[PDB]
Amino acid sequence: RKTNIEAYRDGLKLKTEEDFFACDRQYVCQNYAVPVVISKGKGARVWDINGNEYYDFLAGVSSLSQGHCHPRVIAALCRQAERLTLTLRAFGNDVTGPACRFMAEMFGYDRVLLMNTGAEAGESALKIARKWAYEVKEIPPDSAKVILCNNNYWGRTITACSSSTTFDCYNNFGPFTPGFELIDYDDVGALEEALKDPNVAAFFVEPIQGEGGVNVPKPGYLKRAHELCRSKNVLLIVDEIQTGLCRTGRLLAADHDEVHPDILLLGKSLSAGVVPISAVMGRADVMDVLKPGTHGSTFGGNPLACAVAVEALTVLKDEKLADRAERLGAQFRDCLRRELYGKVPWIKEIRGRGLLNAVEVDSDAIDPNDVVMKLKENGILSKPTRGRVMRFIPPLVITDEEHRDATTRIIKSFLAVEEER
């Protein structure tokens, strides 16, 4: 049977890509800028409405680490969706509990708060950190500070905008939530100075800055940061929404440093890009400050998303996608480096861990969008961040044959752009 969206879509006679673009310009709020109309995905590949194939090298900015339409994940969705999707957490069910137990054991935490979005996991963590700082550190009323890094990105709520240094994220959205102190990323000295304020509740940080440009910090940064935080009884909140779940070659990007975050945020690939589910995890004596009535969410921890998440997380384990991301990521960086550094003098850096990789180009000596369009032409879909940072974030299930082909196609697109300069 045709579903309603199918029969409605057919009724509008949307034939070409252009017809869809015009539909979007008319009815969809215009808060995004590429031209392709994707119809179907499977694994690392997607297909547009004309049956043209591409490798998806954005993968939801790491929401589709398991690939598009993973059969196991789709089957767990569909089987749960037939039984039960929503109870509210005002009633028990036979899924939410076991899911939290499953996550708590896999990542080694006492308590799991399930929310829907990455941003909500962020607000949730800032809230828990404030309340814990008022009730356990006994810092004076309303004086709680949270430290974070210039060019952070954890969401789009007004509080998120309030803690951003990125003009377009905050401009004309105030007045702002106070209580933030901004420091440079990857700067051990600045963290230490800012840690002198005894009203600090938390340092909030990404192991690698994602939307900020795949800024990989210097060896030992997170380890040292954790030590300085403990020293002043300050929570380390580590956002692994983009970096977690095998993307960087380990279960969490913090494992590279053997850091166990005091509070852990997961999202995106936690559902294999099927439904929004995020999580905040922490020890009991921190997480337990959230008493009944003091925080909540309608869809948070619904049994449908739980079942998906358990299956999604099991795919990461069973298919060994961590090891895979490490092997392929090193091969990817090695290949691009041999073939492009020196030969392509407008490539400033090729950087990454695992399959969270990027090519920083000099935007005074090329137009970034030419690279993006030549990528598209050669079967590679990608979106840069901050104009000049090309990102390469394929699903981790991309096969060896596929990953070799894509790497070739990528190298070719950069060389072809250089040639054409």
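In case it trips you up, residue 1 is the first one in the sequence shown, and so on.
Where residue 33 is followed by residue 34 in the displayed chain, the model omits 1 to 3 of the deposited residues that sit between the two. Between 180-188 and 119-127, the higher mean Cα B-factor belongs to 180-188. Stretches 335-343 and 83-91 differ in mean CA B factor, with 335-343 having the higher one. Out of 285, 110, 311, 193, the entry records its largest CA B-factor for 193.
Among 137, 268, 156, 145, the highest C-alpha B-factor recorded in the PDB entry belongs to 137. Ranked against the other modelled residues of its chain, the C-alpha B-factor of residue 65 as given in the entry falls in the lowest third. Sorting the modelled residues of the chain by their CA temperature factor places residue 395 in the lowest third. In this PDB entry, the Cα temperature factor of residue 247 sits in the bottom third of its chain's modelled residues, the lowest group. Per the PDB record, residue ranking by Cα B-factor puts residue 141 in the highest third of the chain. When the CA B factors of the chain's modelled residues are split into thirds, the value for residue 319 lands in the highest one.
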